[PDB]
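Participant: Protein sequence lines, in the order shown, are assigned to chains A and B.
Numbers given in this note's numbering equal positions in the first sequence, counted from 1, plus 1054.
Numbers given in this note's numbering equal positions in the second sequence, counted from 1, plus 1054.
Don't be surprised by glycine CBs; every beta carbon is placed ideally from N, CA and C.
Number of protein chains: 2
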Amino acid sequence: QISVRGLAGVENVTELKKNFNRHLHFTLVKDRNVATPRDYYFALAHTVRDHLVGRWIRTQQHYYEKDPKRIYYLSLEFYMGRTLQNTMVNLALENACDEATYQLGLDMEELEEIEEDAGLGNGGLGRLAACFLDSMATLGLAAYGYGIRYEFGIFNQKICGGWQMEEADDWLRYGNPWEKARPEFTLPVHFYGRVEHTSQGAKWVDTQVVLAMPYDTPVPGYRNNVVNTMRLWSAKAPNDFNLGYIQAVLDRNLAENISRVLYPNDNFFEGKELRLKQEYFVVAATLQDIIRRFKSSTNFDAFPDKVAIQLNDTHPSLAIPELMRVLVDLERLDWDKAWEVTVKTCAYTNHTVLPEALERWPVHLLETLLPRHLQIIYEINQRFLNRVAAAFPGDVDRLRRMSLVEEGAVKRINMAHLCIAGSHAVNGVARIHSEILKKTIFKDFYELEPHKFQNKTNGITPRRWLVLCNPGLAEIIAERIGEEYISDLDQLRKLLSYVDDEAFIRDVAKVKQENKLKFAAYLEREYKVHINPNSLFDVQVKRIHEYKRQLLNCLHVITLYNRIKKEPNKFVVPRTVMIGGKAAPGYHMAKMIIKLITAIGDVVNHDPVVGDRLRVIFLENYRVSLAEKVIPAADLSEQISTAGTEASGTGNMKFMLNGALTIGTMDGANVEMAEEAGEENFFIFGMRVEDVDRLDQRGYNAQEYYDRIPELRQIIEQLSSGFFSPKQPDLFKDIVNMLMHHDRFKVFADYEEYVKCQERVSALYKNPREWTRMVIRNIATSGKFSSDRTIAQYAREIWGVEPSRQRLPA
Amino acid sequence: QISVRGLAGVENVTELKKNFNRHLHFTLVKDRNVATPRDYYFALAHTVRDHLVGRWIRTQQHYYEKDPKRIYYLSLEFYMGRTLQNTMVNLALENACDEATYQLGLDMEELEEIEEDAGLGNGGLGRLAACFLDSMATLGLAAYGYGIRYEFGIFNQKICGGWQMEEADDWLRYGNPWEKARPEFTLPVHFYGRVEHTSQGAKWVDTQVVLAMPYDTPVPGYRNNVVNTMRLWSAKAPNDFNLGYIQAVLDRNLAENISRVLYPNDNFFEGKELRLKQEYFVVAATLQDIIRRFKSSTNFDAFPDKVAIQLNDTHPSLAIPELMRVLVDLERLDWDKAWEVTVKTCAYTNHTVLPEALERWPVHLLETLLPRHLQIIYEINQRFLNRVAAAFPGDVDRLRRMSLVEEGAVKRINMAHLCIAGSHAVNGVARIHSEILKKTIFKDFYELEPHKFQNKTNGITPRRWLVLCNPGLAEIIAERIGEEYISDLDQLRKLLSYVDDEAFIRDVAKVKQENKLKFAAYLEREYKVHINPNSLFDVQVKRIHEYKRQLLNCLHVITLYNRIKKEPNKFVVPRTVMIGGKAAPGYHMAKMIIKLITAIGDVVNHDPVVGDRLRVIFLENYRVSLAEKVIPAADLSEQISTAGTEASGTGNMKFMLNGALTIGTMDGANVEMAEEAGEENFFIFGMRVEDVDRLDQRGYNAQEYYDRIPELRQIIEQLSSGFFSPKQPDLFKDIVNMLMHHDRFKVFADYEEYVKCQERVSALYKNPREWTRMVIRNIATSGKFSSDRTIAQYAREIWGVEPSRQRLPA
Ligand SMILES: O=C1NC(c2ccc3ccccc3c2)=N[C@@]12O[C@H](CO)[C@@H](O)[C@H](O)[C@H]2O
Ligand SMILES: O=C1NC(c2ccc3ccccc3c2)=N[C@@]12O[C@H](CO)[C@@H](O)[C@H](O)[C@H]2O
Ligand SMILES: O=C1NC(c2ccc3ccccc3c2)=N[C@@]12O[C@H](CO)[C@@H](O)[C@H](O)[C@H]2O
Ligand SMILES: O=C1NC(c2ccc3ccccc3c2)=N[C@@]12O[C@H](CO)[C@@H](O)[C@H](O)[C@H]2O
Ligand SMILES: *Cc1c(COP(=O)(O)O)cnc(C)c1O
Ligand SMILES: *Cc1c(COP(=O)(O)O)cnc(C)c1O
């Protein structure tokens, strides 16, 4: 059909069809008379994975021969989504497979919808990991993702009576065709025990063993024939484990629990033992692998020339004391040399602002679980604090603040402090966030080692997030400027010369309208609800969090509702307001916000006076595959975090790329997005970071806003009085009480400027042509936010390797 | 190489080779430079399973079109062993694959040794199930095996310091290439709840749901293109299960524990809840499947014309009340009609003599776990006892003895009683055992319903147990009489006309000698121990059990040792005595016997005066694949159970087929074996059943034997005094004490006649030609003990179906 989806050669289609029927028969053991859509999807998945195999083997072979420096991306989360379409895009098979399946009487789009998301992440951090792998493979880097193969990913969200219920994400039930088990590369991991000191140094003994079994998933680069590896570890009990008989076998589950389930907290630290086990497990098994591969090229001076280990937040911070443990206790390097090697090898990305998201592990946990690592951490602290004392003599307070050990009723290790000390590079994930790291939470560290601190602004892969999810927009762009932009997104600037082309204006608005029609129909088919597709699609999708201020949005929505009721016969620009996102199961307030959203919907969507002028939709089970559908359909992107709380954001970027205007605070990458597009082409409102700091000094009194803003007071009274909860009048008292007395995120402070700015959005939408010209200005300046740019900067400025766009042979 | 292994056509070999390299690449994702023997085995396994696929699909298709009566073999155990060689034998691929692998530079025999046993059974009962499936497929019956896919089969046995240690049998670690998951045919199974009575009848409510997910394994018939199915169920938690969050997900393991582990007791009932859950789980899920298939051909009169359900002992006895529950409560048939259908559908094979092996479930367990089933069982009992009262009026004692409910401190359901009442046929597994069922434990039932009681003497499949394990013997037989005997084993009688052929005598003894050489070398390679292969191979392999009297054998062994020491310079026929078998983990006495065996070995095998004249070897980890090696290597088969305790035995048959003479009691199928071969051609010793009964009436006094037999007294004194345990003098006091005061199996009573009969064995072995002529007489009359004969009798006399030897099209 469309050009960026590749060729459908007659040989190619014929071959795909015969291999599809071979797999249906031999692999699935079905005949065509009993197959279901699910079988057809599996037959297709196996057919496509076949084209990965040669490329994967030759790639891994090439890395063994050339021996380049190897990048290890350690993360506890990889939010991969579906693999089938991405594989077809990256191998230029999409049209051929479409054609092949079409001649077998099947609709490929319908088979694609059968694939489960690999939901091994919570949101932004996990998804960044996934975009990174894609960009690492596309830029020909010898890169490996390492993590945990959780049996259960992020829970499936049901809404029952307007409340979130959680169900186990049994993503492996039907099998994962994209993974290859490698039980032959199974490795031991140790826990508990104790430390013996000898003449020949320290010895970690009487440990419990858990086995780590790797599953490899291929990561195809974009049309370069590169296929990198994502290796995920699974926990298995040793066979002499606990070894009356029956109970011993059943207790194997205690060890295997380590890889059972993803912790579902977004920007929240929960200090549980099982989580610490998860962190050590991926670190211990990964480092053994790294070292094994290094030794197949007794001398570790070259280690940092052959190995970069990137830590995705502090979650794998134990890689630092583990690398030391291996080098000092097993390889018998002296401390100072081992440490040099460790620092030159490791680099730490911070993804975190909020104090309650910083990992601070109680010492008694580390003492029991990882006794040698705690000895090593203490030794790191002492040597580190000795350098602080020498540089800042007499500054005893600095010593207290910089210590890796926090004093308290419970002593804790500050894993962030461990990462800065133990890494040659520390970066944040957007310019304003990297500035905040230097000015506030890591000021002291910055003053000691200024050279370590960098910025690497985040990005998203334009393969999944343009070509894949929005083929029609990719196409009209490729019509004017060619295909090359897909791996070089800066080329979208060339679209600025089409900003006054009537035909391009028509095509951009046409694609948007088709995306809306298609998403609206998706809502009817799968969830029986009727949206006006000529309305403005106002969408806020991201995890449910106080700092992301879904509640500010709710206040806007209720304001529009009250304005319509006061003046029912006045014209207003119609909106479909859609909010979606999961709340962490233990976050009471996030769960209340979801409930308020659905409660608002029940009032607004059933008011006859409102008509189709205002609709409020809670989008259930927000995940990667739903993002691929709703983001191309959106007109307005809501990026409305309180200034200084969103480290970067990446949703923001996905929307800019996909033809929606942004309403947002000067937070995270919003700042850079506005700077790229021009402030005139962005709906910026509200407090800056500096304003928030001024408000904090004089004290945030929410009451002042309630007293001065009648529209706002009206809303608080409706919430309190049970306008939105007739049967439980007091349902939302916790929301009111928090907004009035304990709002860390200053929702009321931004309320007035948000409502005003929302009016400017409405006014522009009234003028389709100028709306669309502004969209073009956004798409055309979104180049910077390619994860290819991000990864090239990581490669050049941290890892010391040169990216490449040159294809391996096919 | 040899003829019964099929053709190696040039097309066929070329094709096998290319498919082996395709699977190595595409399936295993390896290149030839990094593959290990294990990869090669997997590539071969996938290549061979490919030839099963067409046959499996067409077979299952044919059964849907022809709609024959369907046989359901329900068992908690299927002791399958390895699948690769059996598949090749049954598809006539063995020589082609040999040739294909040979030209790739690989040794197929070495790849075969990499396959794990599927050890989903304890011994005889499980293995009979496996032989049955093979014979059902070979005889073209529309037959299905149903059971549980245990994650852990029978434990691996290590000997440490002469003691059994158990390790978890992680048979699935590397994947099972022979199974196909069918998660799409997942079915619910209910537990707990309670019963509500309504107007519309009884309702089972508030249940816990466990899902049953089927895995299908193909069962190829012998060269007929039939491929039947073995369907094994796995337990999965529903996704709303237990649904803080983390703990709920971890507790899914409670439900999945149902299919986690095989209970490792041989002829012993252990009344645990988890075992009862296993029994209901396979029954509930299987019956849903049976019924679904029946309904795709509201009227159940035809059900018994379209369905036979065979119960492998009482383990799936709940099929009877479950079938009633479905017919009465869900299908709303009246009781009497449902019952008729149930009786005509079900048939019960008893495998059990020993009182401690009979299943008697406490009522309080059934009350909690399966409340409706208990109501139904009680209703069955009442109606059954009403028929007893009418037939035997006034015989109140008979009522007590025949009740399904046993009265006691704890009330119990006698599952055997439930099976007789609820089945149209009840059979034992050898003539003498079926006679004992009619004369003692089920006398009362026999007098009520004489027509229900049958004999079906056991058998073994000559494919695994001759062709596969002993190709050289198969070949010399095929040289004289052709190939047809492999599916018609009665044709071995034709070998009687070769009993005085010098060339045949030479070939039979040659094959035996080659098997011994090969087994001896296997002992050196894998277990570093040096056996004289010119010695007589005296072997007793079977589970460790007091009733099987390994201890009698030990007494013989110690007697030979003491005779050598008394008269060191006298000639004796050299022996290698090998005993192997697992003990149940909780069976203290079985574990002591193993220890005594190794203790005897430590004395005898290190005595310089003994030389290579006597060796005692404990064969570690006895299992199906070890049986395939040692049974062809044996000269003397030890079948020495106390008369009346071995229901049948099947080891006995495997040895007769493979060219060993039998020393045995008139127990089990030993009686029929002797009758077939002639008593002159068998080493029969010891008490008959009648003798044991006489001894029981007057009282078994072990002391009398100890006082009258000096040789025996000497042995008891050595055991007591620590001759065999120098560092722990009293180690074996529990063995002595049991033999002297509490021997249920009357070891001393058979001692004298056993030693005498062992002397006759030694004397015959001194005359190779006459030894071998006797072997020929044994092999030649072993036809009856084919499981093809057994299954044909089940088909004709119980299931009402006609077997067939006609091939499906290829
Ligand atoms: O989406 C994100 N999640 C986390 C984060 C931080 C700490 C955690 C601790 C425990 C568990 C999960 C955690 C997740 N940080 C985020 O990283 C994205 C990628 O840089 C940024 O775009 C987001 O602004 C930022 O919020
Ligand atoms: O389950 C399996 N997955 C793959 C496989 C093959 C190629 C791939 C290419 C790309 C990504 C994933 C891939 C996975 N091979 C399989 O290995 C199992 C263990 O060896 C076998 O039991 C399966 O029959 C076989 O199908
Ligand atoms: O090998 C056998 N195991 C059992 C058996 C009986 C009751 C059980 C109860 C619980 C668990 C396992 C059990 C096993 N019976 C046997 O069946 C074989 C097949 O008919 C016979 O040849 C054996 O003589 C007989 O001993
Ligand atoms: O793991 C698998 N086993 C088989 C399979 C195919 C043919 C067979 C023929 C006979 C016996 C067993 C058989 C098993 N197919 C597989 O199904 C998985 C689930 O659909 C896929 O993920 C695997 O990639 C694929 O290899
Ligand atoms: C990109 C993405 C996120 C991160 O979005 P933010 O708006 O930056 O919080 C979260 N979840 C999913 C499913 C995504 O695709
Ligand atoms: C045949 C067989 C048995 C049964 O042997 P008996 O001597 O009848 O107890 C037990 N275990 C294995 C491995 C077998 O192959």
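1. Using a Cβ cut-off of 7 angstroms, pull out every chain B residue sitting near residue 1314 of chain A, in sequence order please.
2. I'd like to know whether the C-beta atoms of residue 1609 of chain B and residue 1805 of chain B end up nearer to each other than 7 angstroms.
3. Could you name each continuous beta strand (DSSP E) segment of 3 residues or more that falls completely within the region 1362-1418 of chain A, going from the start of the chain to the end?
4. Spell out the partners DSSP gives residue 1691 of chain A in its beta bridges.
5. Residue 1703 of chain A to residue 1178 of chain A, Cα distance in whole Å?
6. Under DSSP, the alpha helix (DSSP H) around residue 1567 of chain B begins and ends at which residues?
7. Mind pulling the alpha helix (DSSP H) runs of 4 or more residues that sit fully within the region 1123-1190 of chain B?
8. Measuring only the C-alpha atoms, how far is residue 1498 of chain B from residue 1771 of chain B?
9. Which two residues bound the contiguous beta strand (DSSP E) that contains residue 1288 of chain A?
10. Starting from the beta carbon of residue 1293 of chain A, find every residue of chain B whose beta carbon is closer than 7 angstroms, and list them in chain order.
11. Counting C-beta neighbours from all protein chains within 10 Å, is the total for residue 1057 of chain B 16 or more, i.e. buried, or is it exposed?
12. Does residue 1118 of chain B come within less than 7 angstroms of chain A when only Cβ atoms are used?
13. I'd like to know whether the C-beta of residue 1308 of chain A is nearer than 7 angstroms to at least one C-beta of chain B.
14. Compare the Cα-Cα distances from residue 1208 of chain B to each of A/1303, A/1168, A/1259, A/1158 and report the closest residue.
15. What's the call for residue 1049 of chain B, buried or exposed, on a 16-neighbour Cβ count within 10 Å?
16. If we ignore side chains and look at the alpha-carbon of each, how far apart do residue 1686 of chain B and residue 1197 of chain A end up?
17. Under a CB-based cut-off of 7 angstroms, is residue 1299 of chain B close to chain A?
18. Chain A beta carbons: is any one of them nearer than 7 angstroms to that of residue 1237 of chain B?
19. Does the distance from the CB of residue 1367 of chain B to the CB of residue 1405 of chain B come in under 7 angstroms?
20. Would you list the residues sitting across from residue 1217 of chain A in a DSSP beta bridge?
21. DSSP on residue 1696 of chain A, reduced to helix/strand/coil?
22. Would you check if the distance between the CB atom of residue 1799 of chain B and the CB atom of residue 1641 of chain B is smaller than 7 angstroms?
23. Would you check if the distance between the CB atom of residue 1242 of chain A and the CB atom of residue 1263 of chain A is smaller than 7 angstroms?
24. If I follow the unbroken beta strand (DSSP E) through residue 1467 of chain B, where does it start and stop?
25. Please say whether residue 1315 of chain A and residue 1202 of chain A have beta carbons closer to each other than 7 angstroms?
26. Quick check: the region 1269-1288 of chain A against the region 1131-1148 of chain A, are there 3 or more CB pairs under 8 angstroms?
27. Three or more C-beta pairs closer than 8 angstroms, one from the region 1094-1102 of chain A and one from the region 1069-1086 of chain A: is that the case here?
28. May I ask which residues mark the beginning and end of the alpha helix (DSSP H) holding residue 1795 of chain A?
29. Starting from residue 1451 of chain B, trace the alpha helix (DSSP H) in both directions and tell me its first and last residue.
30. Could you work out which residues of chain A lie near residue 1104 of chain B, taking near to mean beta carbons separated by less than 7 angstroms?
31. Distance, Cα to Cα, residue 1171 of chain B vs residue 1371 of chain B?
32. Counting only C-beta atoms, is residue 1085 of chain B closer than 7 angstroms to chain A at any point?
33. Comparing alpha-carbon positions, which option in A/1061, A/1828, A/1117, A/1245 lies nearest residue 1563 of chain A?
34. Tell me which same chain residues have a C-beta within less than 8 angstroms of the C-beta of residue 1472 of chain A, skipping the five on either side of it?
35. Between the C-alpha atoms of residue 1271 of chain A and residue 1234 of chain A, what's the straight-line distance to the nearest angstrom?
Facilitator: So, from the data block:
1. Residue mapping note: residue 1314 of chain A aligns to position 260 of the first sequence, counting from 1. From the beta-carbon of residue 1314 of chain A, the residues of chain B found nearer than 7 angstroms are 1303, 1304.
2. Taking the second sequence and counting its residues from 1, the one referred to as residue 1609 of chain B is at position 555. Taking the second sequence and counting its residues from 1, the one referred to as residue 1805 of chain B is at position 751. For residue 1609 of chain B and residue 1805 of chain B, yes; Cβs fall inside 7 angstroms.
3. Within the region 1362-1418 of chain A, complete beta strand (DSSP E) segments of at least 3 residues are found at 1400-1403, 1414-1416, given in chain order.
4. Translated into the one-based positions of the first sequence, residue 1691 of chain A becomes position 637. The partner list for residue 1691 of chain A (beta bridge, DSSP) reads A/1593, A/1716.
5. Indexing the first sequence from 1 puts residue 1703 of chain A at position 649. Indexing the first sequence from 1 puts residue 1178 of chain A at position 124. So the two alpha carbons sit approximately 7 angstroms from each other.
6. Counting from 1 along the second sequence, the entry for residue 1567 of chain B is found at position 513. Segment 1556-1581, the alpha helix (DSSP H) holding residue 1567 of chain B.
7. Positions of the alpha helix (DSSP H) runs, each at least 4 residues long and wholly inside the region 1123-1190 of chain B, are given as 1138-1145, 1148-1157, 1162-1166 in order along the chain.
8. Translated into the one-based positions of the second sequence, residue 1498 of chain B becomes position 444. Translated into the one-based positions of the second sequence, residue 1771 of chain B becomes position 717. Between the alpha carbons of residue 1498 of chain B and residue 1771 of chain B lies a distance of about 46 angstroms.
9. Here residue 1288 of chain A is taken as the residue at index 234 of the first sequence, counted from 1. Per DSSP, residue 1288 of chain A is one residue of the beta strand (DSSP E) stretching across 1281-1290.
10. The sequence position of residue 1293 of chain A within the first sequence is 239, counting from 1. Within 7 angstroms Cβ-Cβ: 1221, 1222, 1224.
11. Taking the first residue of the second sequence as position 1, residue 1057 of chain B is located at position 3. Exposed, by the Cβ-count rule.
12. Numbered from its first residue, the second sequence carries residue 1118 of chain B at position 64. Closer than 7 angstroms: no.
13. Working through the first sequence from its first residue, we reach residue 1308 of chain A at position 254. No, because no Cβ of chain B sits closer than 7 angstroms to the Cβ of residue 1308 of chain A.
14. Position 154 of the second sequence holds residue 1208 of chain B. Per the Cα distances, A/1303.
15. This structure leaves residue 1049 of chain B out entirely; chain B is present only between 1055 and 1864.
16. Position 632 of the second sequence holds residue 1686 of chain B. Position 143 of the first sequence holds residue 1197 of chain A. Roughly 54 angstroms between the two C-alpha positions.
17. Translated into positions along the second sequence, residue 1299 of chain B becomes position 245. Closer than 7 angstroms: yes.
18. If you number the second sequence from 1, residue 1237 of chain B lands on position 183. It does: the Cβ of residue 1237 of chain B has a partner Cβ on chain A nearer than 7 angstroms.
19. For the purposes of this step, residue 1367 of chain B is identified with residue 313 of the second sequence, where counting begins at 1. For the purposes of this step, residue 1405 of chain B is identified with residue 351 of the second sequence, where counting begins at 1. A contact, by the Cβ cut-off of 7 angstroms.
20. For the purposes of this step, residue 1217 of chain A is identified with residue 163 of the first sequence, where counting begins at 1. According to DSSP, residue 1217 of chain A bridges with A/1214.
21. Within the first sequence, the letter at position 642 stands for residue 1696 of chain A. Three-state result, residue 1696 of chain A: coil.
22. Along the second sequence, read from residue 1 onward, the residue named residue 1799 of chain B stands at position 745. Along the second sequence, read from residue 1 onward, the residue named residue 1641 of chain B stands at position 587. It is not a contact, given that the beta carbons lie outside the stated cut-off.
23. Here residue 1242 of chain A is taken as the residue at index 188 of the first sequence, counted from 1. Here residue 1263 of chain A is taken as the residue at index 209 of the first sequence, counted from 1. With contacts defined by Cβ atoms closer than 7 angstroms, residue 1242 of chain A and residue 1263 of chain A form a contacting pair.
24. Here residue 1467 of chain B refers to the residue found at position 413 of the second sequence. Counting along the chain, the beta strand (DSSP E) containing residue 1467 of chain B begins and ends at 1466-1468.
25. For the purposes of this step, residue 1202 of chain A is taken as the residue at position 148 of the first sequence. For the purposes of this step, residue 1315 of chain A is taken as the residue at position 261 of the first sequence. Result no, Cβ atoms of residue 1202 of chain A and residue 1315 of chain A do not sit closer than 7 angstroms.
26. Flag = yes, the region 1269-1288 of chain A and the region 1131-1148 of chain A touch.
27. Yes: the two stretches touch, three or more of their Cβ pairs being nearer than 8 angstroms.
28. What you label residue 1795 of chain A is simply residue 741 of the first sequence in a count that begins at 1. Looking at the DSSP string, the run of the alpha helix (DSSP H) that includes residue 1795 of chain A is 1787-1795.
29. In the second sequence, residue 1451 of chain B corresponds to position 397, counting from 1. Note, residue 1451 of chain B: alpha helix (DSSP H), 1450-1456.
30. Taking the second sequence and counting its residues from 1, the one referred to as residue 1104 of chain B is at position 50. Near residue 1104 of chain B (Cβ distances below 7 angstroms), the residues of chain A are 1080.
31. Sequence index remark: in the second sequence, residue 1171 of chain B carries index 117 (1-based). Sequence index remark: in the second sequence, residue 1371 of chain B carries index 317 (1-based). Pairing residue 1171 of chain B with residue 1371 of chain B, the inter-Cα distance amounts to about 28 angstroms.
32. The residue given as residue 1085 of chain B occupies position 31 in the second sequence. Chain A, which has a Cβ nearer than 7 angstroms to the Cβ of residue 1085 of chain B, makes this yes.
33. For the purposes of this step, residue 1563 of chain A is taken as the residue at position 509 of the first sequence. Out of A/1061, A/1828, A/1117, A/1245, A/1828 has the C-alpha closest to the C-alpha of residue 1563 of chain A.
34. Taking the first residue of the first sequence as position 1, residue 1472 of chain A is located at position 418. Once the five neighbours on either side are set aside, the close Cβ partners of residue 1472 of chain A are 1368, 1371, 1374, 1375, 1431, 1434, 1458.
35. Against the first sequence, residue 1271 of chain A aligns to sequence position 217. Against the first sequence, residue 1234 of chain A aligns to sequence position 180. Roughly 6 angstroms between the two C-alpha positions.
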